[PDB]
Amino acid sequence: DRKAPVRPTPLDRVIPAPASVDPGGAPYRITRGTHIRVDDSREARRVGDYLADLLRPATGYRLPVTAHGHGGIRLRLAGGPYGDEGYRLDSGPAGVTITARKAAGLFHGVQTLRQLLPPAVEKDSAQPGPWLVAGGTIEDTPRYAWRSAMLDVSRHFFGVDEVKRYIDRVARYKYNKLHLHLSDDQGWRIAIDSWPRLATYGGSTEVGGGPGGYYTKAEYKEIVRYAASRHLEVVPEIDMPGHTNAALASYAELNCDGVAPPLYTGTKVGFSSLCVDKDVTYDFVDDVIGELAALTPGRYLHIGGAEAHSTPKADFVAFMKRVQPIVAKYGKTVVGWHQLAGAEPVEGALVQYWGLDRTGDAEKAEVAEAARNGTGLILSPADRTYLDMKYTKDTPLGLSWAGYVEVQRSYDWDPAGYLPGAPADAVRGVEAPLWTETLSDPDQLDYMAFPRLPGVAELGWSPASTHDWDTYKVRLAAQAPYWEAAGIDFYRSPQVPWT
Ligand SMILES: CC(=O)N[C@@H]1[C@@H](O)[C@H](O)[C@@H](CO)O[C@H]1O
Ligand SMILES: [Cl-]
Ligand SMILES: [Cl-]
Ligand SMILES: [Cl-]
């Protein structure tokens, strides 16, 4: 009875593990006449409609969303110790009630609810159910405020609809930020009015050659809107001064020798660099950041800064000293890869650490020192959360430069005591980046993203006290029938006792 269990799945069997789970009493059962009761507000109905849309296909129920009556499923905004993202979920014969202070909390409660329901809920045609929800109470709040997923749309371009699909994949696990890697050596993916060729030429191809693509400002705006409806704050990244061949190939004047390099379709890194000694370089950066900031309602702007191997150390420092202020000029908070820690991060900046266990102490120290100086840390170790890394030497896709990364390794660590010498309070959260040198279609993205994606979300959300591989793997194994029913391909790791 894998697809449609006789009894409801345990109230605690969800990912991320909730802060508090108190099972008790009989379950709730959604039936044909169930109404979704919400408060009389736009944001309330919004979450209500979102839930109805997720349930209507598999149940074949009407599931009206209204601001009156005593609906079997109620979403209510009220006071409580749930913060901006937490919620309380009560379940029993009397119905299911999700209470929170804000819409994001109700949304997160919905993500928990869809896991309490059976795998059949993922189907597109009416199913028999039963639509059971374990009885009891769940009180949930997040450990970290920065819980993100990155999608590389530069190595291989993914259109608006494919990005929306990935957004829905991550929304399942309460991620709250979407990092979009909009530019690299193989492509520039955002139209900039002041430099039209960046998109039309710089975005004309991708890894492996052939058609590439890019987002018009309208398309980017739609991605931001869709992400916002899924409570994901979009963090756009324009990598600099390295990983800039797409831009360099589009405008000869940006190159130190004044010659535009060919469009790049390979998979190597670290060979490109903006020309630090030219004034035009900074007019370019200002124009791009200014236009990107205007399209970004979010608080952050990622300027990258990693693998600028064609940029002398002194030049890199000088470059970052000059460009960081540009971000604040346009009202945003700068974010950069941890190499920025070696280039005097400005006040309020955050750095994304992608180091490994084997990274030298000197490099780790530089980042820990930045943390001591007030720089926020986003943890995404290359040998832990880089979703493009192979599970084993036999994985058909992905890379292996950071060694192999099985499911347990990706999950089995604690952000608070990860980087030696770094103050725990400097850790803002975690991120799971999905690079695309080897991935060209949505299904391939799924195979490399799952099953490690839920694990990184747990690290960002769950209390350290709930962290345990032996019990976590059981909750992860439980996702199998859901992904199968939803058509989500995933790596059936031998470390997980799949249900
Ligand atoms: C922070 C950063 O720039 N990461 C680079 C990225 O260009 C590449 O796609 C990925 C491969 O796993 O890891 C590094 O080589
Ligand atoms: Cl999905
Ligand atoms: Cl090459
Ligand atoms: Cl390389």
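What follows draws every value from the coordinates through simple rules; no lab data is involved. Counting neighbours? That spans all protein chains shown, and the Cβs are built from the backbone with ideal geometry, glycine included.
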| field | Assigned charges on the beta-carbon of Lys, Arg, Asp, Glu; the chain dipole about Cα centre (debye) | value | 2000 debye
| query | List the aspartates and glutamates whose alpha-carbon lies under 14 Å from that of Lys278, not counting same-chain residues fewer than 8 positions away? | reply | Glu253, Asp257, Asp286, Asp315
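Roughly how large, in nm² to one decimal, is the mean projection of the convex hull of the alpha-carbon atoms in the stretch 1-141? Don't skip to the end; give the middle numbers.
Details: hull surface 30.2 nm².
Taking a quarter of the hull surface, the average projection is 7.6 nm².
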| Net charge over other residues, Cβ less than 11 angstrom from the Cβ of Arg409 (K, R count +1; D, E count -1) | -2
| message | Report the Cα centroid-to-centroid distance between the stretch 202-242 and the stretch 310-377 in angstrom, as an integer. | response | 23 Å
| query | What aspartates and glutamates sit close enough to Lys3 to cross-link, taking a C-alpha to C-alpha distance under 15 Å and skipping anything fewer than 8 places away on the same chain? | reply | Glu122, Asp124, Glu484
| field | Kirkwood hydrodynamic radius of the chain, from inverse mean 1/r over distinct Cα pairs, in Å | value | 23.5 Å
| message | Taking every alpha carbon pair in the stretch 302-386, what does the distance histogram look like in 10 angstrom bins from 0, in percent? | response | 18, 52, 27, 3
| task | Sum up the charges of everything whose Cβ sits under 9 Å from the Cβ of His467, counting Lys and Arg as +1 and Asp and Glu as -1, but leave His467 out. | result | -4
| note | Cross-link reach from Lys268 to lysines, straight Cα distance under 25 Å and at least 8 residues apart if same chain, gives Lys313, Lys364, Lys390, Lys393
